[PDB]
Structure formats: structure tokens, C-alpha cells
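Letters A, B, ... are given to chains in the order of the sequence lines, protein chains preceding strands, and every chain is numbered from 1. Just the heavy atoms: all of them, side chains too, but no hydrogens, waters or symmetry mates, feed the values below.
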Amino acid sequence: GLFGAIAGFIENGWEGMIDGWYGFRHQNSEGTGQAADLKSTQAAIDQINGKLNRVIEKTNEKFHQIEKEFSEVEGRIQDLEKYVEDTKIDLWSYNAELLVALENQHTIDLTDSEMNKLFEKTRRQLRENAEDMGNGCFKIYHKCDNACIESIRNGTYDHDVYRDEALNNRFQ
Amino acid sequence: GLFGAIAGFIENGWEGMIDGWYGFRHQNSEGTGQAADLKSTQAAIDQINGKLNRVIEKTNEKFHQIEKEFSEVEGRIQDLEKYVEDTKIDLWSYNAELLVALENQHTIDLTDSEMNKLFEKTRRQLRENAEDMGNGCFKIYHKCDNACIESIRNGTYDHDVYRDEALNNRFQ
Amino acid sequence: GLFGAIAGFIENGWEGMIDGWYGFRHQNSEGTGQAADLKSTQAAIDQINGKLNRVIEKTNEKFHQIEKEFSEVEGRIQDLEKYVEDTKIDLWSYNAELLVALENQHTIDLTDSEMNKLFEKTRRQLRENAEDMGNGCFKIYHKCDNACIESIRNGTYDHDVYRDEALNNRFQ
Amino acid sequence: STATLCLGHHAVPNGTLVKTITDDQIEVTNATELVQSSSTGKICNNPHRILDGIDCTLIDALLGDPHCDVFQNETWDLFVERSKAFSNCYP
Amino acid sequence: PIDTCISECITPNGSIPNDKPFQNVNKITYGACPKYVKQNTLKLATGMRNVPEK
Ligand SMILES: *[C@@H]1O[C@H](CO)[C@@H](O[C@@H]2O[C@H](CO)[C@@H](O)[C@H](O)[C@H]2NC(C)=O)[C@H](O)[C@H]1NC(C)=O
Ligand SMILES: *[C@@H]1O[C@H](CO)[C@@H](O)[C@H](O)[C@H]1NC(C)=O
Ligand SMILES: *[C@@H]1O[C@H](CO)[C@@H](O)[C@H](O)[C@H]1NC(C)=O
Ligand SMILES: *[C@@H]1O[C@H](CO)[C@@H](O)[C@H](O)[C@H]1NC(C)=O
Ligand SMILES: *[C@@H]1O[C@H](CO)[C@@H](O)[C@H](O)[C@H]1NC(C)=O
């Protein structure tokens, strides 16, 4: 949650969103519509799909080791074996705990980053024709029908052909 | 310092700020005033209060171990005991060093993130009635008395009732 | 790549840039020019120059250890020695892998952060006289000759003396 | 005709230097020591059952050295063995 | 010497508090003890980066 997008100014997840992880909801004259952004969702999924094979490539293969359970009491050698095994177990338990915590923190920051990146990209497309309302939603200041909205989602939005009307609506 | 807020465009800490970690200083017709933002401060403090119990839950309890100091010279077994203890000490020293470095870096990024989040939230409230001066301070383009300022700090600022005057002052 | 600057909205590296890591390319009436930003480059280089001495200060000095190669077959003691050495090797290999992955991820995020910081600083200098075109490039809406451009790069840009012309050009 | 609203963060007159991934020494408002490097010099007798072995080693108390007769049937959580301990029975 | 007091972690140097995660007193320990490290000091930041005036 470094960027304040998820659990930040977005304030709410969409349980009706099943197509992807990130997407748009638009309300215009025609009516409400919803879509998912496949590119951001795929970026996040790709950055999450591994994330454990990149640190622990595979299970190491161990065949013959020391004894770790003892019936009788010997003394020095049994104590050394127990100490070695306990030290190994403690170190690997710490490794597992730290790795899980670090990866979870990075995954949260990563998804929040993808959300913020989508927001900034959408804002940059809507150069002067829209204003950020502060709740993750843009108020677009011109007639923006379904083709306009899909162009925004597509990435081929042309801010120039609406700039006059948008400026006239914003600054009066 | 990933966002460039702290030791970035803010450029300076307030030694007169003792109420909280993050806050506002405002100058208007009435006069200078100062307040602290409790929500951002509490968020940062909550994310910092633990941060070590989340990786090392508690001290592990160890009762009977190997000998780690020797009077005479035996040979193989003493060498193995010394090697085991030295290996454990080196691994845990590395763990401590890496954990401290990682946590310090994350804490710095975290506090810088909270500062940037407060800045962006304040900017989003002041939709078109204010301009970022670039030093972490907003120039608000209308009569903003103490009630106006506290509404900005509160979060219930209503940009619509000042929008005409603010646009008239900005764009002439 | 948390901020979406590098491999994001910048979309392309400059192979003609050899003066520094981050810089400006400007096109105006006089003609195209290019320069490097020494401050951001130095910040990134300083944050990268160490980054391994801060976790592993030096090589530890080890003189007499256990035997790690054996000719004959003894039994318990040889098995314990092999187990201890194999455990140490596995733990240090994991440490190396995790450290390299973490440092590489942080270095990528760090350089992307420096790029975004330079972008935001430049945007904040150009308060209302420029507009972000969305590809990491600013459209400045006034006569900005070489002295103007170098003032932007310098940090002493004075947005007030161009504000009238820039607003007249933007909002017509 | 306008107002001004500045945003900032608190500072302290003197700060603690910590080490991060990217800095050998960076100053922060507050910091906590994580390594305990000092001791009181005395062994607390609770909650563990401490058995101070005065002049006796564990093996001498086990065998039944005369000057160790006070350690008969003793129990401990930690047997503290002193450097002044000596044997005074059959070699 | 033995003393009348409460402490969970005992070293040959005496009892030490176990509130800190690491210790540099002695590698020989008994009870709920902090892990022994070679570093004599490790500062954990519990605040923001300090930027004073001027
Ligand atoms: C830095 O944080 C530490 C940890 O809480 C603070 O130290 C405590 O301060 C309170 C003051 O009310 C004392 O009652 C505690 O005994 C202190 N604990 C320790 C372990 O020293 C310290 O005050 C903080 N520093 C600043 C400048 O806020
Ligand atoms: C989206 O953009 C692509 C490429 O510019 C184009 O081929 C397509 O027709 C656009 N509209 C869609 C996919 O609805
Ligand atoms: C701040 O907002 C809250 C909730 O909207 C309101 O109850 C309060 O009166 C406001 N002003 C303050 C706390 O000065
Ligand atoms: C850049 O700024 C500095 C300090 O304000 C000034 O001395 C210098 O003349 C400026 N121009 C340059 C370096 O071209
Ligand atoms: C605290 O601040 C004073 C002056 O503000 C300074 O002289 C001193 O070195 C700082 N640290 C301590 C531990 O007093």
C-alpha cells in the first residue's frame, strides 16, 4: 500500500469484477458499463505467478543424513547431532518466515503499483478533458459515448478533438 | 526516499511539530496556524510499531546445548563443535545485518510514502482551487479562512463553492 | 518498475546518452539539444555503488576448520561432518540467491524511482506553462529558448514571467 | 486574495544514525537498539532453579566427594559451576 | 554471583533482559535468550528520515 491506490483513494473493491483484476466502470448518456483491463491484470499476474521459484528453484535432494532420533543416551556425539539439527531447523524456519513476509509485502506493493500505474496512464490519456474526482474516478467534461469510452480503455483516445468542448465545460 | 517527498520536495522537517509526525502549516488573512494530521501519523506508527515481532515472534528457548569453550585439545570432536558454533554465529549475524538493513530501508520508504499520500490526498481535495508550488505547499486561490482550512484538514472540503472565485483568480 | 517510468511511459532508452543516466532532450525554435542531469544520476549511482558492502561488510577470515573430504569410511563422525558442511553450503547458497534477487529488485525500483522523481520535479517547476504529453515529454506553451531550457534544467525556472503567454496558448 | 497551505513533517534537534540498504549512515528522528550488549553481572535465581556449586564440580558432587556432601539429592535447572572448584578425594 | 531477581535469560556474564532480539554478551546462553551476533550495535529506525532546518 505504498501508493495509496488500493485501500487508499480507490476505497473499495468491485466484487462484480470477475473478468480481470483491474478495470473500468463508466457512466454516460447511454448507460452504465463495465470492463476489465487485460494488460495491467496480466502484468500483475505475471509478476506474481513465480515469485517463489525465483528464490527457491526446486527441492534439494537429500538421501543419507545423520540420525535425528535417538533411543539411548550417548553424550557428546548425540548432543552435537541434536545441536546441528536444531540449528538447521531454526535457521530454515527463520528463512521461511522472512521470505514469506517479504514476498507478501512486495506483492501488496506490486498490486497497488499496478493499480496506480493504470490510474496514471488513464489520466495522461485524458490530458485536459477530464478531472480527477479524488476517489479513483475521472469526470470527463464532454460527450463521451461508448466508442469514446472504449477508445480511452483501448489507449487510442484523441484528446485534441474534444479539447475545445472540454475546456469550455470546465473553465466556463 | 522512493517518492521524493521527505528529503525531497518538502526540503525540511518542522522541529516545532510535536503533536504528530505529519501535519499542516497554513497562512491566510487571519494569520499563521499549525496542526498535525493524526490519521497519517497513526498509519505510519501502526506500520512501524511491530515490524520485528512479525519476523522474529519471540526468543526461542534453549536449555542444554553443546559445549562452546574448551580447556584442553581433543581433536576431531572439538573442531566439529567449534565449526558448528562458528557457522551458526556467522549465519545469524548475517541474518541480523540483512534484516536490520531491509527494515530500515522499508521504514524510510514507508514514512516517505505516508508523506506523499497525505500530499496527494490534499491535492485531490483541492481540485482546481489550488496549485502545487513545488515545495510541498499549496497556493489556494480564494478566501480560505480558518473554517476553510480546517475543512481541508478535516477532509470535508467542498471545492464547488469556491470554484468560480478560484478559477477567476488563477486564469484571470 | 513500481512507478511505471522506466519501461513505462518513457517507453525507450537513449543510446545517445553517455554523459549521464538521466537527462533531457529539448526541441525548440533554435533546434534540438540534449543534456544529462548530473544530480539524479549521482543520486542513483551513490545508492548503487555500495549495496553489498552494506550487508556483507567483508570476507570473514577462517583458518582451521573441519575436514571436508574423506578417503575412507568411518561412520558417525564423517556423516556428521558431511551433514554440517552440506547444511552450511545450502544455507549460504540460499542466502546468496535471496540477497541477489532482493538487491536486483530494489535497484530496478530505485532507478525507476529516480526517473520518476526527475519527472515530477520538472513538472512542478513548469507549474502551468507546460502539459504532460504522456510519453515522458512536456509540451511547453511559450517561447522557450536555450536560456529558458537551461533554466528548466538548472532548477531556476521562473514560471511567472511566462504564465500569461502560456495560459493564452493553452486555454485560448 | 489568496491563502497558503503548507504540508510538512516533524523533525528533532538531534537524530539517530541508522544503516539502510542504500546508505551506510542516514539520520532518522528515532531509532531503537536491537543488540543487547551489557549485563547486570549477577545471575537471577528466578524463574529457573539455580544450583550454585560452591567449590564442587558436578562430577565431584555426583561421586560423593566429602566436601560436596551438601549437594546430595539436589535438583537444578542450571548447575552453576565455579572456577574455584577443586577435588579433595581419591585421585 | 547469584541474586534475588527475575530473569529468563542467563549467560556466564549474568542474567540479561530478553526484550531485544539479539545479544552480544556471550554465545553461551540458557533460557529464553536473544540470538548471539558478532555486531555490538544494530539500530532499527522507528521514525522518519530526519531533515532539520538550515
Ligand atoms: C523513540 O522510541 C522509544 C521507544 O518507545 C522511546 O523510548 C521510550 O520513551 C518513553 C517516554 O514516555 C519512556 O517512558 C520509555 O521508557 C522509553 N523506552 C525506551 C526503551 O527507552 C523514545 O522516547 C522515542 N524517542 C522520541 C524522540 O520520540
Ligand atoms: C483498439 O485498438 C486496436 C489497435 O489500435 C484496434 O485494432 C481496435 O479496433 C480497437 N478497438 C477495439 C479492440 O474495440
Ligand atoms: C470534521 O468532520 C467531522 C465529520 O464530518 C465533523 O463531525 C466535525 O465537526 C468536523 N470539524 C472539526 C472536527 O473541527
Ligand atoms: C545555474 O544556476 C546556478 C545557481 O543558481 C548559476 O550560478 C548558474 O549561472 C546557472 N546556469 C548555468 C550553470 O548554466
Ligand atoms: C542532542 O542534541 C544536542 C544539541 O541539540 C547535541 O549536542 C547532542 O550531541 C545530541 N545528542 C545527545 C545524545 O545529546
Side-chain angles (χ1 to χ4, degrees), chain B residues 1-11 66 73-102 104-106 108-109 112-113 116 119-120 123 128 130-139 141 167 169-172, chain C residues 2-3 40 43 47 50-52 54-57 60 62-68 74 76-78 80-81 83-85 87-89 91-92 94-96 98-99 102-103 106 109-110 112-114 116-128 155 157 159 163-164 166-168 170-171:
Chain B
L2 288 182
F3 293 166
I6 301 193
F9 65 86
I10 294 302
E11 183 168 56
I66 55 160
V73 173
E74 293 83 3
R76 281 189 90 169
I77 316 299
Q78 178 181 126
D79 288 7
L80 193 48
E81 277 164 288
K82 288 177 169 196
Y83 190 78
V84 169
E85 184 58 28
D86 198 41
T87 292
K88 176 193 188 179
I89 289 170
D90 294 350
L91 276 159
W92 274 115
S93 298
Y94 172 89
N95 275 343
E97 198 88 10
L98 176 69
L99 174 65
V100 163
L102 275 170
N104 287 349
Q105 181 78 11
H106 186 237
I108 289 183
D109 296 335
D112 195 275
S113 84
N116 193 244
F119 184 87
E120 298 298 312
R123 199 203 78 237
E128 295 292 321
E131 267 178 26
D132 171 67
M133 293 205 292
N135 56 15
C137 197
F138 292 103
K139 184 171 172 58
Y141 282 88
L167 290 192
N169 288 18
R170 281 171 73 195
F171 304 139
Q172 302 296 325
Chain C
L2 288 182
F3 293 166
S40 294
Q47 295 192 332
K51 180 167 269 283
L52 192 60
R54 304 185 184 112
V55 184
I56 317 174
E57 56 167 0
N60 50 3
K62 303 285 184 249
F63 297 114
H64 183 71
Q65 300 148 326
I66 55 160
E67 290 311 304
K68 294 152 195 210
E74 293 83 3
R76 281 189 90 169
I77 316 299
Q78 178 181 126
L80 193 48
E81 277 164 288
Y83 190 78
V84 169
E85 184 58 28
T87 292
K88 176 193 188 179
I89 289 170
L91 276 159
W92 274 115
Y94 172 89
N95 275 344
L98 176 69
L99 174 65
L102 275 170
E103 295 285 6
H106 187 237
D109 296 335
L110 184 154
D112 195 275
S113 84
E114 294 293 338
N116 193 244
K117 283 199 268 207
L118 179 57
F119 184 87
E120 299 298 312
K121 175 181 173 181
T122 302
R123 199 203 78 237
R124 289 189 166 100
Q125 297 182 15
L126 298 169
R127 281 187 42 178
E128 295 292 321
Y157 180 77
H159 78 100
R163 195 185 163 95
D164 293 336
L167 290 192
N168 180 263
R170 281 171 73 195
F171 304 139

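- Closest approach of C/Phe3 and B/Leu2 over heavy atoms only: CE1-O, 3.2 Å.
- Interface remark: of the candidates C/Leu91, C/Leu80, C/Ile77, C/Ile77 forms the most heavy-atom pairs closer than 4.5 Å to chain B.
- Contact annotation for B/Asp86: only side-chain heavy atoms (C-beta onward) come within less than 4.5 Å of a heavy atom of chain C.
- To the nearest 0.5 Å, the span separating CZ on B/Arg170 from CG on C/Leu167 amounts to 8.5 Å.
- Across B/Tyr83 and C/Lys88, no two heavy atoms sit closer than the pair OH-NZ, 2.9 Å.
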Q) When you look at C/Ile66 and B/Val84, which way does the side-chain contact (heavy atoms from CB on, under 4.5 Å) test go after all the steps? A) CA-CA 10 Å; C/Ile66 55 160; B/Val84 169; over 6 Å; no
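- Contact annotation for B/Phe9: only side-chain heavy atoms (C-beta onward) come within less than 4.5 Å of a heavy atom of chain C.
- Counting only heavy atoms from C-beta outward, the side chains of B/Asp132 and C/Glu120 never approach each other to under 4.5 Å.
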Verdict with supporting geometry, B/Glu131 and C/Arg163, salt bridge (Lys or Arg N to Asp or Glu O under 4.0 Å)
CA-CA 13 Å; B/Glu131 267 178 26; C/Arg163 195 185 163 95; 3.0 Å; yes
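- Note that CE of B/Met133 and CZ of C/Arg127 are 7.0 Å apart. Values are rounded to the nearest 0.5 Å.
- Closest heavy-atom contact between C/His64 and B/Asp79: NE2-OD2, 3.2 Å.
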Q.
Using side-chain contact (heavy atoms from CB on, under 4.5 Å), reason through C/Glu74 and B/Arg76 one step at a time and then give a plain yes or no.
A. CA-CA 12 Å; C/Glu74 293 83 3; B/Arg76 281 189 90 169; 4.0 Å; yes
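- Between chain B and the options C/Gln125, C/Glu114, C/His106, heavy-atom pairs under 4.5 Å are most frequent for C/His106.
- Within the 4.5 angstrom heavy-atom criterion, only side-chain atoms of B/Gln105, from C-beta onward, approach chain C.
- Using bins of under 30°, 30° to 60° and over 60° for the plane-to-plane angle, the ring pair B/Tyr94/C/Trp92 lands in the perpendicular bin.
- Heavy atoms of C/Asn95 lying under 4.5 Å from chain B belong to its backbone as well as its side chain.
- Within the 4.5 angstrom heavy-atom criterion, no atom of C/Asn116 approaches chain B.
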